[PDB]
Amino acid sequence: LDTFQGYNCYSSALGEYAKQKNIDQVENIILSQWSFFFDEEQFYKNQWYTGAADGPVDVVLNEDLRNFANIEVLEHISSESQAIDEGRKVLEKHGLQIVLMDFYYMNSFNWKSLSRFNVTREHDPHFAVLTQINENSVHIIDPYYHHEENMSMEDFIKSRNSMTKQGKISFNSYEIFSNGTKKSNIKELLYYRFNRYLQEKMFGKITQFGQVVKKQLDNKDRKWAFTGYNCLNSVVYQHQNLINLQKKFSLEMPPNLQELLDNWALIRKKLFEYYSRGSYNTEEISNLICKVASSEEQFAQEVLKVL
């Protein structure tokens, strides 16, 4: 499907909804996001420990939508019967519902396409868009994976009432609400993001990530490298989104944005190779991460100068 990518499953679902329903500003605020996080506690619990944002909800993106556009994303929690009744009403009125689902029950990505034949289903929350409630069946779009599927009502209900690695899903649905959308300049959005990135020293979290990778030399458990691989797609997407904005709005950028994208893509390839035991190279991966940390710090400083 030709769905909006965003930079994570949440921003993908919000932007796809905004595109289909003509909600102003959402897409611009997503495409201009610039963020990095690292959580050492989540690393050792093999939770989603790095990338653009702590998930599944990007609460920083929510703050940006509220502050810049007067858009609130309201979380609805109800019992099973009420949640499906509310879905039917939302589909009748709007034709789409943003729902939090356990990816365990979804079929959005074929790892066999990357020669990975042994990937287990895990209980991880994932954002999707419900489009239809049929007879003992629902239709969902997974905009992040450009995928749609038909699911049994029993599987849909299980997926929405599941204990996951990131917490308990309880039929959570997400309403994009505005009393009145307010308009922002793309440079204002980027300046605020790059200034925040430097003030919170988000590049320092890249360094921390690299330092923790170096320490996994003697760790026989390589699951962290698969988790890291998936987590860092959000950073690749933010870099691609900034390149897209540069073209759409004729922006001045530092000249190494494509090179930074390429360095993140290389870190992902090295993590994936290490996960599948094609290498024994934690030091090399740590070094690439710590090098990109310095490059990203310099890049953010240069964006504020040239934008």
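Position 1 is the first residue in the sequence shown; the rest follow in order.
The PDB entry reports B-factors from which the mean C-alpha value can be compared for 175 to 183 and 68 to 76; the larger average falls on 175 to 183. As listed in the deposited structure, the average C-alpha B-factor of 157 to 165 and of 230 to 238 is greater for 157 to 165.
Across the options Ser115, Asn118, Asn136, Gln97, the residue with the most elevated CA B-factor in the record is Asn136. When the C-alpha B-factors of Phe36, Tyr274, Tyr49, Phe249 are read from the PDB record, the largest value belongs to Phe249. For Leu217, the recorded CA B-factor ranks within the highest third of the chain. Only modelled residues enter the ranking. The entry lists a Cα temperature factor for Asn8 that places it in the lowest third of the chain's modelled residues.
Per the deposited record, the Cα B-factor of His126 falls in the lowest third when ranked against the other modelled residues of its chain.
Compared with the other modelled residues of the chain, the Cα B-factor recorded for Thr282 ranks in the highest third. In the PDB entry, a CA B factor belonging to the lowest third of its chain's modelled residues is recorded for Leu31.
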